[PDB]
């Protein structure tokens, strides 16, 4: 006896089109508050787009992402636009194509291989510290600062040293190809990319430049402290052979796309919360000072992650309030039942870390910043999928441990060398694209500790 999904209140004629455009994050929370855990969003005018379903329960998220993963596919139009824009890499691939890619890439994402990149993160963070030590204003805009820093960390991990050259090209090329794909995947009309419109021409020129850069970097590595491009080029097994040149580029691009804004968002918001919460900052500082030796102390290592649990708890709470992926899209193959509600075959649907992380059934006083929610005991008192920023199940984030290594060890250096104080508006307005979008500045004063 499957129930029908309630339609989220919206415009009499346009449905949720205006609400999802103006304030999608507030629309998602209202949908749960007024209509429940399985809802349907209507578009207008009638006949433009099929109803998009939404699952906000932890148990429904476990079903969509893990228990019944086979019924929920990456067949949404957005995924097709990303594949056309950056190639059919590990994030967008499905079936046999994905299985061969997973067989060849998983070896590069082992805890030991990832832990080997700890010194690169520590060096990049010490570099940011020296630059911040010479800021005459003593102030930073964290969204902008962490956007640069995160690309530098993932790019050092990918391409090694002296790649500020490649950084500036990627910095200006990749975001445009992502916007092109996001805007087309969410659009109600799609003129072919071959069509010679000014926008489609600009995107193909952007693609050419980035593709050629990637191919040159990859071809230089065709000729341990090895970079990830070197290990992707040397990936091979008996059944799958090795990755081709197009396959190599698709993975480099997907790693850059999946690790640049995601880690930036987490770093900026963790630092912003610590800037607005002095007691929690003092706790992270006393922990950093005890493990690394204080201002002017030693570089953090991968093993220091076990000795930095409050910082880990601050990060998880930042990713609860500010999930870098606020929604995860899927498409139903066959009729399904989630929380007693029917999700039809062919239906585009989405789980939302943004809503489930603020759900009153799992989160007391959900908008309060409290790292103590992530003690092992508190985690046991709540369902597993109440917190899922890296997703879950077979398609969970492969760089989850890398992101935590870069965040914990990164923030450890910055808190060991600087005190943070929020300046100006502390409420950063938020939107949603591929990732959580900052629609406001996160200003902060950096005070050198030595």
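Numbering follows the first chain given and starts at 1.
Exercise. What is the count, as a class, of unmodelled deposited residues between residue 161 and residue 162: none, 1 to 3, 4 to 9, or 10 or more?
Worked result: The entry has no unmodelled residues between residue 161 and residue 162.
Problem set entry | Comparing 339-347 with 309-317, the one whose average Cα B-factor in the PDB entry is higher | Of 339-347 and 309-317, the stretch with the higher C-alpha B-factor average is 339-347.
Exercise. Per the entry, where is the mean C-alpha temperature factor higher: 351-359 or 173-181?
Worked result: Looking at the record's C-alpha B-factors, the answer is 173-181.
Exercise. Looking at 50, 386, 38, 404, which has the highest Cα B-factor in the entry?
Worked result: Each of 50, 386, 38, 404 was compared by C-alpha B-factor; the highest is 50.
Exercise. If you compare 94, 251, 191, 281, which has the highest Cα B-factor in the entry?
Worked result: Of the options given, 191 has the highest CA B-factor in the PDB entry.
Problem set entry | Cα B factor band for residue 9 (lowest, middle or highest third within the chain) | It belongs to the middle third of the chain when residues are ordered by C-alpha B-factor.
Exercise. Of the three thirds of its chain by CA temperature factor, lowest, middle or highest, which one includes residue 442?
Worked result: Middle third - that is where residue 442 ends up once the chain's C-alpha B-factors are sorted.
Exercise. Residue 215: which third of its chain by C-alpha temperature factor?
Worked result: Its C-alpha B-factor, which the entry lists for residue 215, ranks in the highest third among residues of this chain.
Problem set entry | Relative C-alpha B-factor of residue 226, binned into the chain's lowest, middle or highest third | Highest third.
For this session: Consider only the C-alpha atoms of the modelled residues in this chain, order them by B-factor as the entry records it, and name the third containing residue 417: lowest, middle or highest.
Result: Tercile = middle for this residue's CA B-factor.
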